[PDB]
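The structure under discussion appears below in the form of C-alpha cells.
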Number of protein chains: 2
Amino acid sequence: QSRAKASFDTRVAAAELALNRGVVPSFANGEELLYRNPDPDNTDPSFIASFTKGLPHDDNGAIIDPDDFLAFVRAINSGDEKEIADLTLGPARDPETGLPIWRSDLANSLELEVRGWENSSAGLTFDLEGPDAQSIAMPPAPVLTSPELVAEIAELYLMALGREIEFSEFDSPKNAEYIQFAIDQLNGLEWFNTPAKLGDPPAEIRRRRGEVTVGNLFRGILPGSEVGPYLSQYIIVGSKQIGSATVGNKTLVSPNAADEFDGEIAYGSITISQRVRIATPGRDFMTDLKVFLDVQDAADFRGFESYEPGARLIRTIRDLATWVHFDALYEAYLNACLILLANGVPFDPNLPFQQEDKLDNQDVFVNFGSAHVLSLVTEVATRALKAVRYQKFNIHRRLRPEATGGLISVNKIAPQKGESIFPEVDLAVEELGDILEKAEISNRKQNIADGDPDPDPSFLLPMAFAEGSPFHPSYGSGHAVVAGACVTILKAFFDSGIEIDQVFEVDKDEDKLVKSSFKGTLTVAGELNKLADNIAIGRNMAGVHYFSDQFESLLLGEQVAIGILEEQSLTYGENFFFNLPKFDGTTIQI
Amino acid sequence: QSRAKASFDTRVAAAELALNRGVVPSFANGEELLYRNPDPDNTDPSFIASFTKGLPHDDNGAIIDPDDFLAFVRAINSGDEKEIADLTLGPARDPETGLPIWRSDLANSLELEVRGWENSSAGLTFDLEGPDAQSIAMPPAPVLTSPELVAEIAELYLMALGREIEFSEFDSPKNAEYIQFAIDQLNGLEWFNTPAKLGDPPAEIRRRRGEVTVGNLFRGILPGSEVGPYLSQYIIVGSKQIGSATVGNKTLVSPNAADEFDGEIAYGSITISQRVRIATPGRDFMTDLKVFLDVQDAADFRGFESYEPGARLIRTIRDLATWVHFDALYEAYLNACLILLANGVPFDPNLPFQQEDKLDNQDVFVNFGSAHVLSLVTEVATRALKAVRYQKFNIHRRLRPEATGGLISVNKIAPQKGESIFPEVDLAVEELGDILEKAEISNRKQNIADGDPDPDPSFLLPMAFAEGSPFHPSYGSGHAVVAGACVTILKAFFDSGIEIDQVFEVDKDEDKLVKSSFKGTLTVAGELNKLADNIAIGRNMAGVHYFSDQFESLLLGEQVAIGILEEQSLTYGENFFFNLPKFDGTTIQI
Ligand code: VO4
Ligand code: VO4
Ligand SMILES: [O-][O-]
Ligand SMILES: [O-][O-]
Ligand SMILES: [O-][O-]
Ligand SMILES: [O-][O-]
Ligand SMILES: [Ca+2]
Ligand SMILES: [Ca+2]
C-alpha cells in the first residue's frame, strides 16, 4: 500500500489502541464538598481540603468566597483563557499602585505580584501519543481525617525538620536523635504500624508503608528504592567520560575518567555536573502565618530562596529538595539515561540490533539506540504531565501540604486564642503532637530569622521553597508522574536487570563520592526506581507533595509510559519488545 | 462527544493533517548507477559515489562486489532484521580467530571487529507525530563531477587543515595565512565565485554560497548565522544561575552568577558545563589509505580518539568537531532551551498565558511553558532523525566526505603509480591542487605520527574522528536535521525576535568568555540559527558531512518541526499560534 496511507493507518491504529484501553474513571475523595463553612448560618463548602491557592483567603487559611473556588473549577473544566483571566487571583488590590495588599510585611515590601495557576487546563490538552490525559485515573487522594493524611503530614513535617540532615548519615549517631524521633512518631501512626484491612481500596493497600526503619525512612515503595543507599546512583554519580571507550582489544582510559566519580556525566562532549545548588541550610519558608497566607493568595515568592556559593553532590535532605525545585522536567531521567549510555549499559536485549555488529550488522542510534531512548524519556514527560494536570485540576484538587500545615497550625492555635477551627485536621493535630512542637520551635527560629522578634506560635509546615509548592494541586505530582513515566521508559529501553557493580554514596564529610557500604547488588531497574523515589520524595521533603501523591502519580506515569510504548511499537517493523519491569513487580513486554 | 472519542478524533485529525500535506517525492542524483566499473568487460556500477561503507572494498576505495551494495540497498528498503544480518559487513574474516583481516596494521593489532550500519531502516519507521519519514524530500545531493561537490570537499579539506585554529581568531594575523588561503581557494571555485544560473534547481540556488570572506568562512546560510561571532551564544555561554531571579521589586543575585559568563548552564538545580572535551590537537584520522579502507570495511574505530585532561569552551574548529562528535541527539538545542529558560527569554508572545499573572491568572509549565518547549525540542529530534534516515539510506545513499576524499586521494595517486582511476573526481582533484597538497603534507605528518616513518603520499580528507563518519550515508545529516527541527521548535516556542543584549566570544588566550567585539544586534532567532549552523558545520569540521547535506537536512528538520507543531496545535484548546521564522526568511504561524 501507500507509504503515506500506511503512516496514516499506523497513527490511526495507535489512536485506536489508546481508545481501546478505555477510560479509567477518576474518583475524588469527596473532600471538596464534604467540609463545610464553620459559620452556623453558612452552609457553603469550606473547600479547606481543596486546592484553593491563589483564591483570596481569610485569616485562617480558608477562602473568603467559596464561589471563587467554584469559578476556578469551572475555568479548569472549560479551559477558556478568558474564564481563567476572569478568575480572581490573589487578595484585594491597592487602587493606587495596582498591587495586591499582602497580609505579610515581607510580601508588601517586595511589592509582590500574584502568580497564576500553572496550566490549570492542561488536563484538557489532547495527546497525540500515549494515553489521553483523562483516560487514566489516579485513586482518590487521602482525606484530611484519614490516618493516611496524618502519616503523610508527619512525614512532611519530619522531612522539613530534617532538611539539614545528610542522607549518608541517616544511621549515624549525630542524627540518631532526629532519626529515632521520626521513626518513633511515624511508627506511632496507625497508618504505618497498623496494616491495611481487608476491604480497603487496592491503592490504599498498595501505597501503605509498614514499620518505618532507618533503612526505609523517607524512602519509597518502588522495588529497589529501599535497597542500597538512599540516593540513586544516577542522581549523584557521573558516567564514563569521553575517551574511556574500548577499541577492539585496547582499552583507552579517559583523561577525565575521575569525573565519573566526581559526579560528572558525559553529556555528549560536555559535562553535566551532578552537584546541586546549595540552598541556605536551615532556612525554611512560609513558617509565618502572614507569609503563608500571602502565598496561599498567590504571592509570587519564586526565586526568593537564597543559596550558598558553589555546588555539591546531594547530601542533605534540603539538597534533594533543591534538586527537585528546578529540575528541567525530565532532567533526572535524561541524566540517568546519559549515565547509562555513557556507562555502556546495554539496552533491552529484546530490542533488535543489540547484538554485536558481527552478527546483526546494524548499530542502533535512531531506533532502539541512544537517540530513541533519549527522545522517548523526554517525550513521555509532557504526556505524563498532561495526565497529572488532569488529575490535579479536574479531579482531585487536593490541597497542598503547605495548605494542610496551615489548617493544622490554625487548628492548633485556635484553643490558644479561645477558638476552635478545622476539626477535620483534629486527628492530625492530636497524632502529631511532638512533631508539631518541634515544628513550632523550628518555625519560631525561622520567623525570628525572618524578622519577627516575638513571632506568633506557628505550626506551619516549613517550606524548602520560598513560594512553597508550585501553583497547582498536589494530587498528583508532576515531578513524580514524570518520574514514573521516564523511569518506565528507561527500564523498558535499557537492560534494567543489569547489575550496577560500583555503588557510590556521597561522602559523610567531603563533597565527593565514596564506595557505599552496601554489600548487596544494585540493578539498573532498582536504581532507576530509586531515582524516581528520590525525585518524588524530594518533592515531599520540600513540603510541596504528600507521599501518596508521589506513589500514585508514579503509577500514573508508568501507565503513561506503557501506553506511549505500546503506541510507538506499532511504528517499528522490527520484531522486538521492551522488557519492562513495572512498579508492581511484574514485567510487561512491549 | 466522549473525551476518549475526542482524543481519538484529535489524533486521527493530526494523522489526516500529516496525510494531506502529501508526499514530496524524493529524488536522488543518479550517481548510484551512473558511475560504472572502470574494468572494460565489467559493466556493473562502481557505486563509488554511493555510501558503501561496511561492504568490502578493494585497494582503491571501491567495493569488490556491486551485489554487496545491492543487497545492502535491498535490506535498507525491506528493513528485515534477518536480511540486514545476512549482509556482508566488513572484509574477509580469519577462519581461526573469527576476526576480519584488516588492511592496516593498526586495525589488525587492535583486533577490531566490524561496526554495523546505524539504523539502516529507521527511515521505514512510522511516526505517530509529525510528518512521515518518507513524506518529506530533500533535494538530490550534488554529484561528484558537480562544482558544488568540489566546493564542499574543498571546504571540508580546508576545515580539516584548520582544525587547530580558533573561532575567535579567524581574522587574526597568526591564522591569516590559513584563512586567506582558504578564502582564495574557495573563491577560486566556480561554485563560490560564480552565482547560480537560471534554470538551476531551486534548492541549488538556495544553498549556493557566494563570495567567501573571513566573516562568513565556514559559516551557514541560515538567517543570523553570519552576523556576530561564529559560535552561537548558546553553544558557549551559560545562563542565569539558580538564585538570580527577581522577586517583586527586589532583584536577588545568584552567588554563582559568574557561572553564566563561565559557560555554565543552569540545568535545574545542577549545572551543564559548556566546556567541550579537548580532542588531541593536530591528531587527525584516516590519513593513511589502509586505515581509511579498514574504516570503509566497517573497522570499529569508535573511542580510538585521544583527549587532553579537562574541558574548555569551544575555541578551535576541532573543539566544535568534538562537540558534535558525541552530542546526545538534542543536546545543543536542549542546552539552548535551558539557557533561554534560565535567562527568562520570553516565550512566543502569541502563546497563551504569557502575560503577567495579574492579567491572565495562569502560569505556563506543562503547556506553553518550560516543560512544553523542553519536551517538544527533545521529541522533534527523533522524528527528524527518522526522516533523515530515510533520506540517507533509501533515497540518496551519498558517499561520506571521507569516501570522497578516498576517491580523490586514489585518483591523485594513480598517475604517480602509472594508472588512472576515478575520473569523476577529476574536477575535484584539478580544482583543489593547493588544498590537496597541503592535505598531503598534513596527512604525511599524521601518518608519521601514526607510526609509518615513510608513509605513502595520501590526499585523504583528515578526520576529526577515529571512526570518521557514523555508519550511515552523509545525505542527509542526522545532526543537521535535528538542528533544524529543534531550532525550529525553539524559534517557534520562544520569542525568537528577542534581542540578546550580551554577546560573548571565547577569549583568544584564556578558556573563558569575553565580551564580543560585535557592535551589531543578535536575536534569539539569529542565535538559534547560528547554533544549528554550529552543529551542522561542526559535522563538516569533522569531515563527516558536506555543506549541502547540512543545509538540506536543516531544511528537512525545519519541515519536520513545522509538521509536528501543526499536529500538536490540534491538541490544545487555547487560542494561540507559534510565531515561527523559517530558514527562508518567512514566518509561519502555527
Ligand atoms: O505536582 V508537583 O511536581 O508540584 O511535583
Ligand atoms: O548524519 V551526521 O549527524 O553524521 O550529522
Ligand atoms: O547515528 O547517529
Ligand atoms: O513543580 O511544580
Ligand atoms: O509546574 O510545574
Ligand atoms: O552521528 O551520526
Ligand atoms: Ca548490532
Ligand atoms: Ca501568565
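For the C-alpha cells, the naming scheme is as follows: chains receive sequential letters (A, B, ...) according to their order of presentation, residues are indexed from 1 within each chain, and ligands are indexed from 1 in presentation order.
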Set the distance at 9 Å and use only C-alpha atoms: which residues neighbour residue 368 of chain A once local chain neighbours fewer than 2 positions away are removed? I'd like the list as a tab-separated table (two decimals) with C-alpha atoms, in the first residue's frame.
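around_36.tsv, written as the output of this step:
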```tsv
chain	number	residue	atom	x	y	z
A	347	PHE	CA	19.70	-1.63	26.01
A	348	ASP	CA	16.93	-4.16	26.48
A	351	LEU	CA	15.45	-4.75	21.35
A	352	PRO	CA	16.63	-5.51	17.80
A	353	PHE	CA	20.19	-4.98	16.58
A	354	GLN	CA	21.54	-5.04	20.14
A	364	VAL	CA	21.31	1.44	16.90
A	365	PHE	CA	21.03	5.21	17.20
A	366	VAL	CA	17.67	6.43	15.86
A	370	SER	CA	20.77	6.24	22.17
A	371	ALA	CA	18.62	8.72	20.24
A	372	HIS	CA	15.49	6.56	20.56
A	373	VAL	CA	15.68	6.32	24.35
A	493	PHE	CA	14.55	0.54	26.89
B	119	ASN	CA	19.62	2.32	11.69
```
Can you check which parts of chain B lie within 6 Å of ligand 8? Per residue, the shortest pair of atoms and distance in Å to one decimal, counting only C-alpha atoms and all ligand atoms, sorted by chain and number, as JSON lines.
```
{"residue": "B:353", "atom": "CA", "partner": "ligand 8", "partner_atom_place_in_ligand_line": "1 (Ca)", "distance": 4.0}
{"residue": "B:354", "atom": "CA", "partner": "ligand 8", "partner_atom_place_in_ligand_line": "1 (Ca)", "distance": 4.4}
{"residue": "B:355", "atom": "CA", "partner": "ligand 8", "partner_atom_place_in_ligand_line": "1 (Ca)", "distance": 4.6}
{"residue": "B:356", "atom": "CA", "partner": "ligand 8", "partner_atom_place_in_ligand_line": "1 (Ca)", "distance": 4.8}
{"residue": "B:357", "atom": "CA", "partner": "ligand 8", "partner_atom_place_in_ligand_line": "1 (Ca)", "distance": 4.4}
{"residue": "B:360", "atom": "CA", "partner": "ligand 8", "partner_atom_place_in_ligand_line": "1 (Ca)", "distance": 5.4}
{"residue": "B:362", "atom": "CA", "partner": "ligand 8", "partner_atom_place_in_ligand_line": "1 (Ca)", "distance": 4.4}
{"residue": "B:363", "atom": "CA", "partner": "ligand 8", "partner_atom_place_in_ligand_line": "1 (Ca)", "distance": 4.2}
```
Near-residue 395 of chain A list (10 Å; only C-alpha atoms; drop same-chain fewer than 3 positions) as a short mmCIF file (atom, residue, chain, number, x, y, z; two decimals) with N, CA and C atoms, in the first residue's frame:
```
data_model
loop_
_atom_site.label_atom_id
_atom_site.label_comp_id
_atom_site.auth_asym_id
_atom_site.auth_seq_id
_atom_site.Cartn_x
_atom_site.Cartn_y
_atom_site.Cartn_z
N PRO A 25 -12.27 5.67 35.14
CA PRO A 25 -12.89 6.86 35.74
C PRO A 25 -12.07 7.35 36.92
N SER A 26 -11.92 8.67 37.00
CA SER A 26 -11.13 9.29 38.06
C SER A 26 -12.06 9.76 39.17
N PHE A 27 -11.89 9.18 40.35
CA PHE A 27 -12.73 9.49 41.50
C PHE A 27 -11.97 10.36 42.48
N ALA A 28 -12.60 11.44 42.92
CA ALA A 28 -12.07 12.23 44.02
C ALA A 28 -12.48 11.59 45.35
N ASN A 29 -11.92 12.12 46.43
CA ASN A 29 -12.20 11.60 47.76
C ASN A 29 -13.44 12.21 48.40
N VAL A 73 -12.89 26.12 39.46
CA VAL A 73 -13.15 24.78 38.94
C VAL A 73 -13.80 24.85 37.57
N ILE A 76 -11.16 25.58 35.17
CA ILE A 76 -10.37 24.37 34.97
C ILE A 76 -11.03 23.47 33.94
N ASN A 77 -12.33 23.24 34.10
CA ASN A 77 -13.02 22.29 33.24
C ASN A 77 -13.25 22.84 31.84
N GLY A 123 -4.89 19.50 31.63
CA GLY A 123 -5.55 18.21 31.60
C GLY A 123 -6.53 18.06 30.46
N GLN A 134 -7.05 12.26 30.34
CA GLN A 134 -8.23 11.88 31.10
C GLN A 134 -8.61 10.42 30.92
N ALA A 137 -6.63 7.19 35.56
CA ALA A 137 -7.17 7.71 36.80
C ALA A 137 -6.21 7.48 37.95
N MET A 138 -5.97 8.51 38.70
CA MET A 138 -5.41 8.06 39.96
C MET A 138 -6.53 7.81 40.97
N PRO A 139 -6.28 6.97 41.98
CA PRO A 139 -7.30 6.72 43.00
C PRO A 139 -7.61 7.98 43.78
N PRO A 140 -8.67 7.98 44.59
CA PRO A 140 -8.95 9.15 45.43
C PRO A 140 -7.78 9.45 46.36
N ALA A 141 -7.52 10.74 46.55
CA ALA A 141 -6.49 11.16 47.47
C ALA A 141 -6.94 10.86 48.90
N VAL A 388 -1.27 14.11 34.71
CA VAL A 388 -1.24 14.54 36.10
C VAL A 388 -1.91 15.89 36.27
N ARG A 389 -1.85 16.76 35.25
CA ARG A 389 -2.56 18.03 35.33
C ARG A 389 -4.06 17.81 35.35
N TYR A 390 -4.54 16.88 34.53
CA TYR A 390 -5.95 16.50 34.62
C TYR A 390 -6.29 16.02 36.03
N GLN A 391 -5.47 15.12 36.57
CA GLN A 391 -5.72 14.60 37.91
C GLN A 391 -5.71 15.70 38.95
N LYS A 392 -4.74 16.62 38.87
CA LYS A 392 -4.65 17.72 39.83
C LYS A 392 -5.87 18.62 39.75
N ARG A 398 -6.52 18.41 45.28
CA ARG A 398 -6.09 18.22 46.66
C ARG A 398 -5.26 19.41 47.12
N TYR A 475 -2.18 16.61 44.10
CA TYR A 475 -2.51 15.23 43.75
C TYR A 475 -3.07 15.20 42.33
N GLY A 476 -2.28 14.68 41.40
CA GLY A 476 -0.99 14.07 41.67
C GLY A 476 0.22 14.97 41.55
#
```
Residue set, segment 218-455 of chain B restricted to strand (DSSP E or B), as a ChimeraX atom specification: /B:246-247,250-251,264-267,270-273,276-279,285,299,307-312,316,347,362-363,398
For the residues selected in the previous step, produce a file with C-alpha atoms as a compact mmCIF listing (two decimals), in the first residue's frame.
```txt
# COMPACT_ATOMS: atom_id res chain seq x y z
CA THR B 246 13.58 38.82 40.51
CA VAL B 247 11.17 38.74 43.46
CA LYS B 250 13.88 43.03 44.86
CA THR B 251 16.49 41.65 42.45
CA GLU B 264 27.65 27.09 32.88
CA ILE B 265 24.00 26.44 32.03
CA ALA B 266 21.60 26.31 34.97
CA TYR B 267 20.37 22.75 34.45
CA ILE B 270 22.57 21.38 38.82
CA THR B 271 24.69 22.78 36.02
CA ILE B 272 25.69 21.91 32.47
CA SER B 273 29.21 22.99 31.58
CA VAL B 276 33.90 20.52 25.46
CA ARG B 277 36.40 17.71 25.89
CA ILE B 278 39.66 18.69 24.21
CA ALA B 279 40.37 16.29 21.38
CA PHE B 285 42.31 10.13 11.41
CA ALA B 299 36.53 -1.20 11.25
CA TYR B 307 41.88 13.67 24.68
CA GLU B 308 43.70 16.10 26.93
CA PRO B 309 42.58 16.30 30.56
CA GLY B 310 39.81 18.71 31.45
CA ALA B 311 37.31 20.58 29.34
CA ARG B 312 37.33 24.00 27.72
CA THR B 316 39.25 25.65 17.85
CA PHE B 347 8.09 32.55 25.10
CA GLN B 362 -2.11 31.46 34.57
CA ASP B 363 1.50 30.33 34.67
CA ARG B 398 25.56 9.59 -0.73
```
Report as an mmCIF file with C-alpha atoms, in the first residue's frame which protein, DNA and RNA residues come within 7 Å of ligand 5, using only C-alpha atoms and all ligand atoms.
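Wrote it out as part.cif, contents follow:
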```cif
data_model
loop_
_atom_site.group_PDB
_atom_site.id
_atom_site.type_symbol
_atom_site.label_atom_id
_atom_site.label_comp_id
_atom_site.auth_asym_id
_atom_site.auth_seq_id
_atom_site.Cartn_x
_atom_site.Cartn_y
_atom_site.Cartn_z
ATOM 1 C CA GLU A 118 0.303 26.687 36.155
ATOM 2 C CA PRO A 470 4.061 25.085 42.558
ATOM 3 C CA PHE A 471 0.774 26.728 41.857
ATOM 4 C CA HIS A 472 -1.283 23.591 41.187
ATOM 5 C CA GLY A 478 4.002 16.331 38.116
ATOM 6 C CA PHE B 365 4.725 24.941 32.609
ATOM 7 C CA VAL B 366 3.036 21.913 31.016
#
```
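Closest approach to residue 522 of chain A from the set A:223, A:173, A:401, A:248 is made by A:223, with distances taken over only C-alpha atoms.
Taking only C-alpha atoms and all ligand atoms into account, the residues that come within 6 Å of ligand 2 are residues 469, 470, 474, 476, 477, 478, 479, 480, 539 and 544 of chain B.
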Minimum-distance residue to chain A, chosen among B:32, B:505, B:148, B:113 (using only C-alpha atoms): B:113
Just the residues within 7 Å of segment 180-189 of chain B, please, counting only C-alpha atoms, with nothing from its chain fewer than 3 positions along; format it as a VMD selection string. chain B and resid 151 154 158 176 to 177 192 to 193 211 to 213
For the selection you just gave me, I'd like the residues written to a file as a short mmCIF file (atom, residue, chain, number, x, y, z; two decimals), in the first residue's frame, keeping N, CA, C and O atoms.
```
data_model
loop_
_atom_site.label_atom_id
_atom_site.label_comp_id
_atom_site.auth_asym_id
_atom_site.auth_seq_id
_atom_site.Cartn_x
_atom_site.Cartn_y
_atom_site.Cartn_z
N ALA B 151 33.38 22.26 -4.25
CA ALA B 151 33.37 23.30 -3.23
C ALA B 151 33.17 22.70 -1.84
O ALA B 151 33.82 23.13 -0.87
N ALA B 154 36.33 20.92 -0.82
CA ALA B 154 37.34 21.94 -0.53
C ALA B 154 37.12 22.55 0.84
O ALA B 154 38.07 22.72 1.61
N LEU B 158 39.78 22.20 3.83
CA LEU B 158 40.11 23.45 4.46
C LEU B 158 39.78 23.44 5.94
O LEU B 158 40.49 24.06 6.53
N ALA B 176 46.15 34.26 9.69
CA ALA B 176 45.79 34.97 8.47
C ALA B 176 46.24 34.22 7.23
O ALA B 176 45.54 34.21 6.21
N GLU B 177 47.42 33.59 7.28
CA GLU B 177 47.88 32.81 6.14
C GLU B 177 46.88 31.72 5.78
O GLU B 177 46.45 31.62 4.62
N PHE B 192 31.55 29.03 -5.66
CA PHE B 192 31.51 30.21 -4.81
C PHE B 192 31.60 31.51 -5.61
O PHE B 192 30.85 32.45 -5.34
N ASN B 193 32.51 31.58 -6.59
CA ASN B 193 32.68 32.83 -7.33
C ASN B 193 31.57 33.05 -8.35
O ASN B 193 31.12 34.18 -8.56
N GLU B 211 30.42 34.74 -2.27
CA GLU B 211 31.82 35.07 -2.05
C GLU B 211 32.18 34.82 -0.59
O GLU B 211 31.52 35.31 0.33
N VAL B 212 33.25 34.05 -0.38
CA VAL B 212 33.67 33.62 0.95
C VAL B 212 34.61 34.67 1.53
O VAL B 212 35.64 35.00 0.93
N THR B 213 34.25 35.19 2.70
CA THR B 213 35.06 36.14 3.45
C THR B 213 35.47 35.53 4.78
O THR B 213 35.09 34.41 5.12
#
```
Shell of 7 Å around residue 219 of chain B, only C-alpha atoms, local chain residues under 6 positions omitted, as an MDAnalysis selection string: chainID B and resid 225:226 533
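Across B:56, B:468, B:405, B:423, the tightest approach to ligand 3 is made by B:468 when counting only C-alpha atoms and all ligand atoms.
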Spatial neighbours of residue 224 of chain B, max dist 10 Å, only C-alpha atoms, sep filter under 4 positions, as a count of residues only: 16
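For the pair atom CA of residue 516 of chain A and atom CA of residue 237 of chain A, the separation is 11.6 Å.
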Could you produce a table of the residues of chain B lying within 12 Å of ligand 7, with the nearest pair of atoms per residue and their separation in Å rounded to one decimal, using only C-alpha atoms and all ligand atoms, ordered by chain and increasing residue number, as a tab-separated table?
```
residue	atom	partner	partner_atom_place_in_ligand_line	distance
B:81	CA	ligand 7	1 (Ca)	10.2
B:84	CA	ligand 7	1 (Ca)	10.0
B:85	CA	ligand 7	1 (Ca)	8.9
B:89	CA	ligand 7	1 (Ca)	11.4
B:113	CA	ligand 7	1 (Ca)	11.6
B:114	CA	ligand 7	1 (Ca)	9.9
B:115	CA	ligand 7	1 (Ca)	7.8
B:116	CA	ligand 7	1 (Ca)	6.2
B:117	CA	ligand 7	1 (Ca)	8.4
B:118	CA	ligand 7	1 (Ca)	8.5
B:119	CA	ligand 7	1 (Ca)	9.6
B:120	CA	ligand 7	1 (Ca)	11.3
B:300	CA	ligand 7	1 (Ca)	11.9
B:471	CA	ligand 7	1 (Ca)	11.9
```
Same residues, N, CA, C and O atoms, saved as a PDB file, in the first residue's frame:
```pdb
ATOM      1  N   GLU B  81      15.304  -7.644   9.851  1.00  0.00           N
ATOM      2  CA  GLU B  81      16.487  -7.883  10.670  1.00  0.00           C
ATOM      3  C   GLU B  81      17.326  -9.022  10.107  1.00  0.00           C
ATOM      4  O   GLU B  81      18.559  -8.954  10.115  1.00  0.00           O
ATOM      5  N   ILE B  84      19.216  -7.725   7.054  1.00  0.00           N
ATOM      6  CA  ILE B  84      20.314  -6.872   7.497  1.00  0.00           C
ATOM      7  C   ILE B  84      21.459  -7.717   8.039  1.00  0.00           C
ATOM      8  O   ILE B  84      22.633  -7.462   7.745  1.00  0.00           O
ATOM      9  N   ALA B  85      21.137  -8.741   8.833  1.00  0.00           N
ATOM     10  CA  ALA B  85      22.171  -9.611   9.381  1.00  0.00           C
ATOM     11  C   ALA B  85      22.831 -10.456   8.300  1.00  0.00           C
ATOM     12  O   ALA B  85      24.015 -10.789   8.413  1.00  0.00           O
ATOM     13  N   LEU B  89      29.097  -7.605   6.034  1.00  0.00           N
ATOM     14  CA  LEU B  89      29.626  -6.412   6.677  1.00  0.00           C
ATOM     15  C   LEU B  89      31.091  -6.655   7.005  1.00  0.00           C
ATOM     16  O   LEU B  89      31.420  -7.601   7.729  1.00  0.00           O
ATOM     17  N   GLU B 113      36.722  -5.364  15.509  1.00  0.00           N
ATOM     18  CA  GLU B 113      35.576  -6.015  14.904  1.00  0.00           C
ATOM     19  C   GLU B 113      34.837  -5.017  14.018  1.00  0.00           C
ATOM     20  O   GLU B 113      35.121  -3.818  14.012  1.00  0.00           O
ATOM     21  N   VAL B 114      33.888  -5.516  13.248  1.00  0.00           N
ATOM     22  CA  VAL B 114      33.119  -4.659  12.358  1.00  0.00           C
ATOM     23  C   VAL B 114      32.134  -3.824  13.166  1.00  0.00           C
ATOM     24  O   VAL B 114      31.719  -4.195  14.270  1.00  0.00           O
ATOM     25  N   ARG B 115      31.766  -2.676  12.612  1.00  0.00           N
ATOM     26  CA  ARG B 115      30.676  -1.868  13.132  1.00  0.00           C
ATOM     27  C   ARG B 115      29.555  -1.834  12.104  1.00  0.00           C
ATOM     28  O   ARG B 115      29.804  -1.773  10.896  1.00  0.00           O
ATOM     29  N   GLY B 116      28.326  -1.888  12.588  1.00  0.00           N
ATOM     30  CA  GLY B 116      27.187  -2.021  11.715  1.00  0.00           C
ATOM     31  C   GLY B 116      26.633  -0.693  11.264  1.00  0.00           C
ATOM     32  O   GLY B 116      26.967   0.360  11.800  1.00  0.00           O
ATOM     33  N   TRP B 117      25.776  -0.759  10.252  1.00  0.00           N
ATOM     34  CA  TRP B 117      25.085   0.434   9.794  1.00  0.00           C
ATOM     35  C   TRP B 117      24.128   0.909  10.878  1.00  0.00           C
ATOM     36  O   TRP B 117      23.396   0.110  11.469  1.00  0.00           O
ATOM     37  N   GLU B 118      24.159   2.206  11.158  1.00  0.00           N
ATOM     38  CA  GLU B 118      23.363   2.776  12.240  1.00  0.00           C
ATOM     39  C   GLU B 118      21.966   3.061  11.710  1.00  0.00           C
ATOM     40  O   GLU B 118      21.737   4.066  11.032  1.00  0.00           O
ATOM     41  N   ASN B 119      21.033   2.162  12.015  1.00  0.00           N
ATOM     42  CA  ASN B 119      19.618   2.325  11.691  1.00  0.00           C
ATOM     43  C   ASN B 119      19.412   2.464  10.185  1.00  0.00           C
ATOM     44  O   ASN B 119      18.864   3.446   9.685  1.00  0.00           O
ATOM     45  N   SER B 120      19.859   1.433   9.463  1.00  0.00           N
ATOM     46  CA  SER B 120      19.754   1.430   8.010  1.00  0.00           C
ATOM     47  C   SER B 120      18.309   1.422   7.536  1.00  0.00           C
ATOM     48  O   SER B 120      18.054   1.678   6.356  1.00  0.00           O
ATOM     49  N   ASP B 300      35.688  -0.909  13.503  1.00  0.00           N
ATOM     50  CA  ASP B 300      35.100  -0.185  14.627  1.00  0.00           C
ATOM     51  C   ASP B 300      36.203   0.600  15.325  1.00  0.00           C
ATOM     52  O   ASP B 300      36.861   0.115  16.246  1.00  0.00           O
ATOM     53  N   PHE B 471      28.096   5.401  10.749  1.00  0.00           N
ATOM     54  CA  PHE B 471      27.981   4.377   9.725  1.00  0.00           C
ATOM     55  C   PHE B 471      26.667   4.490   8.963  1.00  0.00           C
ATOM     56  O   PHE B 471      25.911   3.518   8.867  1.00  0.00           O
TER      57      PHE B 471
END
```
Contact residues around residue 102 of chain B with only C-alpha atoms at 8 Å, ignoring same-chain residues under 6 positions, as number ranges by chain: B: 91, 108, 294, 299
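You can rank B:256, B:47, B:547, B:78 by their closest distance to residue 218 of chain B using only C-alpha atoms, and at the top of that list sits B:547.
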Interatomic distance (Å, one decimal) between atom CA of residue 304 of chain B and atom CA of residue 324 of chain B: 16.2 Å
